[PDB]
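Undergrad: Quick one: experimental structure and sequence below.
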Amino acid sequence: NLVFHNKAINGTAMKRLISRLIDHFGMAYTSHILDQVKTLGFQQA
Amino acid sequence: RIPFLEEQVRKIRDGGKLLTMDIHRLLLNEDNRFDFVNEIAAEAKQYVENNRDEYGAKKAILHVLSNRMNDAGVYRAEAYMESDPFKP
Amino acid sequence: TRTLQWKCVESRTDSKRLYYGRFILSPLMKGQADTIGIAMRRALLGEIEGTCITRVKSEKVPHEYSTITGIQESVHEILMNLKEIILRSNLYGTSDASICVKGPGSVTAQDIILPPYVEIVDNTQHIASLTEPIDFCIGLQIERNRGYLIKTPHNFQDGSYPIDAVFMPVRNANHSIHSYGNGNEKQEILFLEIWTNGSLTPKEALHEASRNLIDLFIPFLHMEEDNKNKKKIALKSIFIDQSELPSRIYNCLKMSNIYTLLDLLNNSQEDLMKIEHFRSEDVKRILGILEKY
Amino acid sequence: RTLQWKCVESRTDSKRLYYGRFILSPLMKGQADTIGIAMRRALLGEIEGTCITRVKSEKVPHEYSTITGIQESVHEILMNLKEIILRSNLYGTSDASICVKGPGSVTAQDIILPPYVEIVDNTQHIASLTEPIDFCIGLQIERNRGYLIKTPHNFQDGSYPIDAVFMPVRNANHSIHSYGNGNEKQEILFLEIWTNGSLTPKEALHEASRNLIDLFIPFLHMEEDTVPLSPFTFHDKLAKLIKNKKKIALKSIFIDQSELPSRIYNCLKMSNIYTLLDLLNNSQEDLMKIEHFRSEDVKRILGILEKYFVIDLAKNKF
Amino acid sequence: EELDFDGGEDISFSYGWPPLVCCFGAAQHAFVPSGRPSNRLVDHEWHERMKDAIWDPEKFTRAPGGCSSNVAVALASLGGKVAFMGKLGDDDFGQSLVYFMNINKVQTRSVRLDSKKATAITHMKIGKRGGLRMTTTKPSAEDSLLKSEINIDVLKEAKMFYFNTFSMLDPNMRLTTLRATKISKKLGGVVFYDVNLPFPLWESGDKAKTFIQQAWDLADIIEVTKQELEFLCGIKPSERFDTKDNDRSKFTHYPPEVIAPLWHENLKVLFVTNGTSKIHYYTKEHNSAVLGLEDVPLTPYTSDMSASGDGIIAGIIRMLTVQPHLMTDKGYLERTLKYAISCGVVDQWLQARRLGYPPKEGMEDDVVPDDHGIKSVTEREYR
Amino acid sequence: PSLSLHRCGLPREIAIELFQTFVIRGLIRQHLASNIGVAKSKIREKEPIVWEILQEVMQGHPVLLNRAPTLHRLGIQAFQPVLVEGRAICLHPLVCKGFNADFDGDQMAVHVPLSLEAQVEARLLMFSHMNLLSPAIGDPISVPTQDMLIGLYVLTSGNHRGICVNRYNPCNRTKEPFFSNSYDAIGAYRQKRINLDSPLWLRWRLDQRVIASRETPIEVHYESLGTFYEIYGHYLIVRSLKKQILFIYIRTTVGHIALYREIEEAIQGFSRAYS
Amino acid sequence: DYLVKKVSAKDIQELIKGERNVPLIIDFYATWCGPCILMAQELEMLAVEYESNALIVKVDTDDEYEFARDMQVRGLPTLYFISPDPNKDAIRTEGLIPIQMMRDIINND
Ligand SMILES: [Mg+2]
């Protein structure tokens, strides 16, 4: 149920997204989400 | 129902990310996170004082956490030990 | 005894349109697992034949090319429903199919009249629903290609609506490597995962991909039946100037980027003729001068 | 026979450097990339070579000490012997020796080899001699793949190991070009192979193809679940299966042996039921979901099962 | 002159798409009918350099094929629906054979087991002078299947019938296999005659032709080898058979005028195969040929080149039983030939990798209770 | 990069130097050892059994890592050691960025707790998944690093849209086919039939969470039958006569849908593995 | 210097025309055939267990193509388990059979 994004995502956008996911899901879900985001970012780069 | 999702589930079950979820779930019913640590330490000491070698599968703390998670309706392995059957 | 064996560890059938398979190749050495995995993944994703619907002749059914009075959904929706039909066949070339249904209220599903070669995997797929009383007749064409339909056979069609549908029998594939080494030996185990659309089991996909790879790598083994100045730079570095030549010829050769004797020997008589203001008398004189030594 | 390959170019830059170019023109759309990448990964890291593995000198305190009469030290002699290129086809370990005396330059022509191993360069520099001193060196040759780390030092004393590199192919490259066929997309494939002289690029190509075929073969064998490399691997296996353990004899019994009408037989075959144990696993309720079945054939199969076997595992009434 | 038991019609109920193939004959293990001198496309430049590591036989002799059980197992491995009809014994060997077929997905419902007769045992009598043995004392299970035992139901479901000339040797089995062929032909189906002339049929050409003339007429698809084709006709081999270069004299494509005598009315296609090197097909209106590799790892226990023919036949049957309306098309026949060559090469590779090399002069390997074999790396040693 | 958030790569020599006591206890406990000297000689012999016992001991024993300069409050964290070959400790990129990683070789001190209370405190309090917010104001201390941000920006950047993608004005004169699922789009991208920046139409399953700006549609094609198409800058809504959202199509690239799919599948896999 | 020794045309048709006290195992083989090479190993293993109670010989099928057709042979891997006594018959086996069947034939028949 995450917001669909169609614009560029800079560092501040990622920081705000993580700060909102910590409050909405918790640290347990956010850790795995951040790990998967890291993997996808490394693959794309 | 995503079809291609079994790989990361197996990775979670194997790498040991289940304990990170179980600790956070158990910290949802306790007010202080220090009394919970003290209670777990006391229970582990009482369980290791009875049987020295038979503290569980490998350790006692993991055994205590598995016993606490199995009494709430969540099936967990004995002391979170699952060997790899594909090791030659 | 150190024999490469393969096993199917996991097998799941999530639905009639989805499958799963996990395989293991244990005694592989170092560096081979990644190559085998990449090759098998490419073969599974590109070298497996599939069957789908290419053309749809909807001119038989009553429609105004934008909407159908009897069919609830539009023509685009019924085309998108037809392109999702999974078929299992060993067709060579092309084949024609037809679906005709008569009834006041009917849901067109698995009503395709197919030759014995072609089969339908899922009979619950809906082509069109909430059909009002009307004569519903659709003409279909089926092909069997590996990649896709790059170009249609008939560029001009009367009422046939081509569908750009990819065959893609395997939906996804992935590999993993687990290293098991103690000391100097370093063994690797390959873990292949295959997801098929139901047209073929994941076990048959491995055999098809392996046979396709072998057929691709065999052609490299095919064999056809059988039925003073005498040093190096003393002559090579001799620029044309030192060898006496008439002026006309000297100037011409120079404009032709011919400086040394090797450039003159490399150039033939025909291209020499091409040179402007170069004549046959010249070609005989330059040959003589090159031979007069 | 439409695909045609031919050696476009073949040169010999040096006695230890060969170059060959090839072409595969009638290739198809997606086959070229796969062929190219697989042949590249097979030419670099799947072909094997023979190199000197261990060297034994006459009498030296350590590998870093010098020796009279020779300009280079023992370390430089080992580094020069490391670059010697050899050719062989049989696995194992062979011995060689150099026994040159007198002033001059010791080269590869001075190595004496078993009748299986040969030399390629025959002009490489090992060391230089300035005084009439006998030079006697022991050698050890071995065929393998990859590069070897000189970790073990047992089974021999007074010998210095050298880290050999069993890589015959130096570099490889492939290029893909379009054929221009209009509707159908066809592609041309080129291949460049640089070898160190131990084998021609054509032989390296053939060997890489054979290695790829050997790697892809095992997927077509029978699925494993008794000694391999025996034509009677099924006789003794079946003889001991029903004799060693219990409840496994039902696995050896198949539906075919149990007399059944053709209808029930082919219906159970279409239902992925092949053995008697599988027919015993599913209860009587599961035999109804399969299409083209009735209630009388259930009685028939139950009766013939009671005639053949004593009772049923899961086919009982529940 | 044939009996049919129709009964209930279950044709469209549960027959499945892949047409059942009935492979008739005996069930044996590692039996090669005969062997004739032949040639092969190989790279002699690569063989002269690796003479110490490559097993190349002095005189090359290729067998026509294997057995019906081998063809059935190969066709089931390719993915087809096979069924073997034959009679076997109830001893341990027959039961082991049945197991083999079953574990490979061949359908053994047709196979019939007897308790009084063995599997491979034939009783013989010394007879008169000259060592003329008499086989009359007892038939084997294989050569004794009664006409009654033929499972009619399979022959009704099957659309292609396969049988060799090995069963037509015994007078009792000959009538049975001819009855089975005519039953499968009248009920609707094509017959595949894989002539693999056994040892006794290599005496003279006229006797071999008149012996198989009962067959060769009830079959639509016939697969012959080049040596057998030259033996049936008056063609004498004029090749070297031992040279180290390809001179195009071998792998000869005979003109259609040589195929005219043996041709008959109901014949559709004729495959003359020189192995996995070159396969020629002769039809009514056109004819062509397809080349092949036949350069595979050749070890002892595998130099007879039988899995190649087994895989060729399996691929041909698999491609011709799926699209029966394109048995005469040129492009489909070329694709069938290429697929059969690929299948034969793959099966030869598999047999060479499964059955390893025999132990060399220095043998210290663990003794298998029935044989002794080492891998490829083990055979590549100095001494 | 392959390590998780809680695991750390511990070299072999450091691991044995730390767990010598535990591995000697394990040797003397079960079998294959009768005295301390024999156990020490077996450990020095570099046998496979001592490495197997070392792995069995360090399977679930927490270890503490602390940098030499303890400037920040999160400089001391707990990890689970993994036996790795080499002479360098392998850590997670996010934790390394959060621990003030330098270009020079930063020395890392490794400490091993002994008592049960220390182990419980390290496993329940000092792990990295329990401390992700800085105590200054509450901002996430573990944020994607430079390379991860570059990858995400290249994914969610898109491509040109106006004069940089078309030469002449499009007023004088089709896109990729309507992909019913994002799986088909990713499969077509892996098959190299569409580029990463090539626009496409993805059928949206009327989730009604249409993310856009306060911008009226550019055109509304209101037909005579009553089904009008509302064409927006980023999506298309096909609405029938009686106020019914028939179809919704989204015009995006493969990067946005790839990121959305990976986040959603991570959430779903976490929720499923929890059970 | 092996156990099973080679024979020829005339010498093989002499142990049946004479007399003996041990069974005779006549083996047909051809150099070319692969299966036979295996059969020879198990025949040698069987002969090393019966050093005096059984005699095992072998005859090729390329130099003796006339002695094979009258012997009623149909394939390369074939054996003949003839008996010493007269009257009792001959057993012909066709294929690669296990050693257990060979033992059960030479002992119980
Ligand atoms: Mg620093």
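TA: Ah, there it is. Numbers count the residues shown, from 1 in each chain, chains lettered A, B, ... in the order given.
Undergrad: which helix of chain E spans the most residues?
TA: Longest helix of chain E, by residue count under DSSP state H: helix E:330-354.
Undergrad: Show me what that one is packed up against.
TA: With contacts taken as 3 or more CB pairs under 8 Å, 6 or more residues apart in numbering or on different chains; DSSP states H and E, helix E:330-354 sits against helix C:202-217, helix E:68-78, strand E:278-282, strand E:287-291, helix E:307-322. Where C-beta positions appear, they are placed from N, C-alpha and C, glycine not excepted.
Undergrad: wait, residue C:88 sits on residue C:116?
TA: No. Using CB atoms under 8 Å, residue C:88 makes no contact with residue C:116, being 12.0 Å away.
Undergrad: Mind checking which of these two has more residues around it?
TA: Using other CB atoms under 10 Å in any protein chain shown, the more surrounded residue of residue C:88 and residue C:116 is residue C:88, with 17 against 12.
Undergrad: And that one, how far from residue A:15?
TA: Using CB to CB, to the nearest Å, one gets 51 Å for the distance from residue C:88 to residue A:15.
Undergrad: swap in residue E:219?
TA: Plainly put, residue E:219 is 79 Å away from residue A:15 if you go by CB to CB.
Undergrad: Compare these two (neighbour count), which wins?
TA: Neighbour tally, residue E:219 and residue A:15, criterion other CB under 10 Å: the higher count belongs to residue E:219, 23 against 14.
Undergrad: so what's the more buried one up against?
TA: Counting by CB atoms under 8 Å, 6 or more residues apart in numbering or on different chains, residue E:219 makes contact with E:181, E:191, E:192, E:193, E:267.
Undergrad: Could you do residue C:269 as well?
TA: Residues near residue C:269 by CB under 8 Å, 6+ apart: residue C:283.
Undergrad: same question, residue E:85
TA: Residues counted as contacts of residue E:85 (CB under 8 Å, 6+ apart) are E:22, E:23, E:24, E:110, E:111, E:150, E:151, E:154, E:180.
Undergrad: Let me have the residues you listed in a markdown table, extended by neighbour count, distance to residue G:52 and secondary structure.
TA: Listed next are those as a markdown table, based on neighbours: other CB atoms under 10 Å in any protein chain shown; distance: CB to CB, whole Å; DSSP: H, G, I helix; E, B strand; the rest coil:
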| residue | neighbour count | distance to residue G:52 | secondary structure |
| --- | --- | --- | --- |
| E:22 | 28 | 50 | strand |
| E:23 | 34 | 45 | strand |
| E:24 | 26 | 45 | strand |
| E:110 | 22 | 46 | coil |
| E:111 | 24 | 41 | coil |
| E:150 | 21 | 49 | coil |
| E:151 | 17 | 49 | coil |
| E:154 | 20 | 51 | helix |
| E:180 | 25 | 49 | helix |
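Undergrad: how many neighbours does residue E:105 have?
TA: Residue E:105: 17 surrounding residues under other CB under 10 Å.
Undergrad: Hmm, residue E:76 and it touching each other?
TA: Yes. Residue E:105 is in contact with residue E:76 according to CB under 8 Å; the separation is 4.5 Å.
Undergrad: Name the residues that touch the helix or strand harbouring residue C:175?
TA: Taking DSSP states H and E as the criterion, residue C:175 maps to strand C:170-180. Residues from elsewhere that reach strand C:170-180 (CB under 8 Å, 6+ apart): B:3-4, B:7, B:86-88, C:18, C:33-34, C:37-38, C:40-41, C:44-45, C:48, C:186-197, C:205, F:183, F:187.
Undergrad: Check which element follows it along the chain.
TA: Next in sequence after strand C:170-180, counting helices and strands by DSSP H and E, comes strand C:187-196.
Undergrad: Report the contact partners of the most centrally placed residue in chain E.
TA: Note on chain E: the residue nearest the mean C-alpha position is residue E:65, at 3.9 Å, using CA atoms, centre = their mean. Contact analysis of residue E:65 by CB under 8 Å, 6+ apart lists E:33, E:71, E:164, E:194, E:196, E:306, E:309, E:310, E:313.
Undergrad: Using a markdown table, lay out the residues you listed together with neighbour count and distance to residue F:53.
TA: Shown next, in a markdown table, are the contacts of residue E:65 (neighbours: other CB atoms under 10 Å in any protein chain shown; distance: CB to CB, whole Å):
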| residue | neighbour count | distance to residue F:53 |
| --- | --- | --- |
| E:33 | 21 | 61 |
| E:71 | 28 | 55 |
| E:164 | 28 | 63 |
| E:194 | 28 | 63 |
| E:196 | 23 | 62 |
| E:306 | 28 | 53 |
| E:309 | 29 | 57 |
| E:310 | 26 | 53 |
| E:313 | 28 | 58 |
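Undergrad: coming back round to it: which neighbouring elements make contact with the next helix or strand after the longest helix of chain E?
TA: Sequence-wise, the next helix or strand downstream of helix E:330-354 (DSSP H and E) is helix E:376-379. Helices and strands touching helix E:376-379, by 3+ CB pairs under 8 Å, 6+ apart: there are none.
Undergrad: in helix E:376-379, what counts as buried?
TA: Within helix E:376-379, the residues scored as buried using 16 or more other CB atoms under 10 Å in any protein chain shown are E:376, E:378, E:379.
Undergrad: what do you get for stretch E:41-56?
TA: E:41, E:42, E:46, E:49, E:54.
Undergrad: Not counting sequence-adjacent ones, nearest residue to the closest residue to chain E within chain A?
TA: Taking CB to the nearest CB as the measure, chain A has residue A:43 as its residue closest to chain E, at 36.4 Å. For residue A:43, ignoring the flanking residues on the chain, the nearest one in space by CB to CB, 6 or more residues apart in numbering or on different chains is residue F:151 at 7.2 Å.
Undergrad: May I ask which helix or strand encompasses that neighbour?
TA: Secondary structure assignment for residue F:151, by DSSP H and E: helix F:146-157.
Undergrad: What lies in contact with the helix or strand following that helix?
TA: Counting by DSSP H and E, the element after helix F:146-157 in chain order, helix or strand, is helix F:182-190. With CB under 8 Å, 6+ apart as the test, helix F:182-190 has contacts from B:3-4, C:45, C:166, C:168, C:171-172, F:176, F:179, F:194-196, F:200, F:202, F:254, F:257-258, F:260-261.
Undergrad: Strand C:170-180 and helix F:182-190, what's the angle between them?
TA: Here the directions of helix F:182-190 and strand C:170-180 differ by 70 degrees (axes from the mean of the first three to the mean of the last three CA atoms, to 10 degrees).
Undergrad: Show me which residues of helix F:182-190 are buried.
TA: F:182, F:183, F:184, F:185, F:186, F:187, F:188, F:189.
Undergrad: still on that earlier bit, is it fair to say the residue of chain A closest to chain E lies in a helix?
TA: Yes. Counting by DSSP: H, G, I helix; E, B strand; the rest coil, residue A:43 falls inside a helix.
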